[PDB]
Every structure is written in C-alpha cells, then in structure tokens.
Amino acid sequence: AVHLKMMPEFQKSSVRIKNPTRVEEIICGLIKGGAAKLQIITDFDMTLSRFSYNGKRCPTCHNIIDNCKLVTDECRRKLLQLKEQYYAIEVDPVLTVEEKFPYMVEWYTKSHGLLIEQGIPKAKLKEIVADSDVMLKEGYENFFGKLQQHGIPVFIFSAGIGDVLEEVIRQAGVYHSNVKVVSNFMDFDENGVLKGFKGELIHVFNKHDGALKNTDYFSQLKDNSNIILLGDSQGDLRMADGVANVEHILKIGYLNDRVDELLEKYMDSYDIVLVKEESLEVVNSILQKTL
C-alpha cells in the first residue's frame, strides 16, 4: 500500500493535495509497474529549474539570452516592454485559452526576432550559460541519476530555447541518454550565428500539438504506460496527449506565482500541487518507492 501520511516529503506545508486517496491509488499503480512501465514527461523552466534563489528571481532559458553580454540594454528594454503587454494577456482572466493563442504566437515571434537581431553565435552559448544565474531545483542530481540508473525515458517538453536548455543540463552533468529534449531550437547560418528558429513554435498553450507531433517517440514506448507528468502551468497538463496507452498517470504542478488566484484551479487539475517549492524531493520520493 501507499501512504502519504508516512512520507515526510508529503508533510511539507508546500504540498497541497485535493484528493489524497486518489493520489495513493495512482502511486500504488506506479509502484506495481516498476521501472519497466514508467516514463517521465516534464516541463523545464520553473519546473526543473528554480523560480527563485537568495531572495532573487531565477532566469528562464529565454532570460539567459535576454540578460547576457551579447545583448544591448535597449534590446532588454524592448523585451521587457513585450513581456509587460503580452503577459497581461497570458494572465487575463476574461479571454479563453484559445483566444490567447494568437497573442502567444506574436510574443515569442516578436521576442525571438529581437534576439535574432542581436547576433547570437552558437559558440558563445557555453560561456553565456556558464556565467548565467540559472539554478536547477534542489535534488536534480538524484532526480536525473535515479532515472538514468533505471533507464527511465524522460521527455522534456519546453516552450523555452532548446539550445540553452540543453547547455544548462549538459553543464550540470545530467543530460543523460534517457533524456529527450523537445523545444524551440535555434537555426544557425553559415557562420554559426542565430538566424531563426526550427520547426513549429512551442508556447504555453499549444503543447497538445507538439505532444501529437511526437508519435514517433511515444510509439517506441508503448509499454511505458505509467506516467509522471511535471509542469508549472495549466498548459503543461496537455504534455501527455500523445502517449500510446495510459494505465496510471500522476500529475504534479509547481505553483510558483499567483498563488491565491490559481491555487483552487491547480488543486482541481493537478494531482499534487507544490506551492512555492524549489526542490524535486516529492517526485524523488515517489521514484524511490517505484524504481
């Protein structure tokens, strides 16, 4: 049996669970399936990376570029201006999620276009990432390490910048063979300088689309019918939409922000909500029982 009262990780004040009996039965399915049936599907920014440290706000992958030596103060201004106009739409309680889709597309397009203008070489991304303030959540070496040890598939599905994301995880020593990254990857010219972005835009609201466009990946894992999903938004709940078959799925959401406004929604929609929490210890503890 699985008992949340007896897992110290589940006793933190940051752990919010609408339906503990349901959680216990899902975790029990995960335990019975073991390694052979498990796969992970996860967001990156604010999910595997920290939202804040030392009082201080931590960068998204996009912010890592926004804030680097290869970008003008003036470009950061315009980027900030974009964030202020478009974020107000992201968080507008009146528009439906489908009405926000055109606005999100324009935000990433406008802000990617501004970076493309700054002249960003592939060769410098190591340096930029190395001097950035990026932080992975506490317990990431254990998270990635247990999963590589048992060869658990990990599908990182991110609306960030893929080249940045991969450089963060590679420098942290956790970019193992079991980790597949699906993101917005940069397109470079003859001289290895950023000129555009590859494929179809991934943003916060269209992860359903990308999930279905990755049939290839998911069909190869037909037997991995037990899923743990991690995200930080409502949009992340779509990341498992392309999975061949589902026996048990556990959905864990980081609520980093807008706590009073979103808590009820997150509790209704994620199985486990993690309120202003900068570690992976609840997921690590589920893994410890499972693997």
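All residue numbers refer to positions in the sequence shown, first residue = 1. For clarity, a rigid core is taken as the largest C-alpha set superposing within 1.5 Å between two forms.
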Quiz item: Between 51-59 and 262-270, which has the larger RMS C-alpha deviation from this form in 6 other deposited structures of this protein after core superposition?
Solution: 51-59
Quiz item: With respect to C-alpha B-factor, does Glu277 fall in the lowest, middle or highest third of the chain as deposited?
Solution: middle
Exercise. Looking at the entry's B-factor column for C-alpha atoms only, identify whether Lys83 ranks in the lowest, middle or highest third of its chain.
Key: highest
Quiz item: If you rank every modelled residue in this chain by C-alpha B factor, which third holds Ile252: lowest, middle or highest?
Solution: lowest
Quiz item: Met186's Cα B-factor: lowest, middle or highest third of the chain?
Solution: middle
Exercise. Ordered by C-alpha B-factor within the chain, which third holds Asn245? Give me lowest, middle or highest, please.
Key: highest
